[PDB]
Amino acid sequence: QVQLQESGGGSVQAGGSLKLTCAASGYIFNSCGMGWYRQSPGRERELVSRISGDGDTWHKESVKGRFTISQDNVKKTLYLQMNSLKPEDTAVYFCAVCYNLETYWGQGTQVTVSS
């Protein structure tokens, strides 16, 4: 089948950096958008960063200038580079890929920023 899996979560101090990796396997492509959702405890899962099927990049305003989304088509990977991390970025991060108008999800990876 097709599967998404995130790695690269960890715990840093305020101002730290982390790079999340979303590894896709199986026949799946970014045809209708892919990106990163995050979910804090007692809070909604919400979209943070996104690349549409035609390559348009969007970032939630609170992470604009600090998060960088990218992809590697050869490796079939989606990335979220996170710099200047803030305690409010503490959450489980999920990658999501929309392919043939269906949304596929990973398991989520924990990011913790202490302050």
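Residue numbers run from 1 along the displayed sequence.
**Q** Compare the mean C-alpha B-factor of 52-60 with that of 34-42 as given in the PDB entry, and name the stretch with the higher value.
**A** The stretch with the larger average C-alpha B-factor is 34-42.
**Q** Using only C-alpha atoms and the B-factors in the entry, which stretch averages higher, 21-29 or 91-99?
**A** Result: 21-29.
**Q** Comparing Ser7 with the other modelled residues of its chain, is its CA B-factor in the lowest, middle or highest third?
**A** Middle third, going by the recorded CA B-factors of the chain.
**Q** Using only modelled residues of the chain, where does the Cα B factor of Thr68 rank: lowest third, middle third or highest third?
**A** Lowest third of the chain for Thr68's C-alpha B-factor.
**Q** Could you look up the Cα B-factor of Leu85 in the entry and say which third of the chain it sits in: lowest, middle or highest?
**A** According to the entry, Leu85 has a C-alpha B-factor in the chain's middle third.
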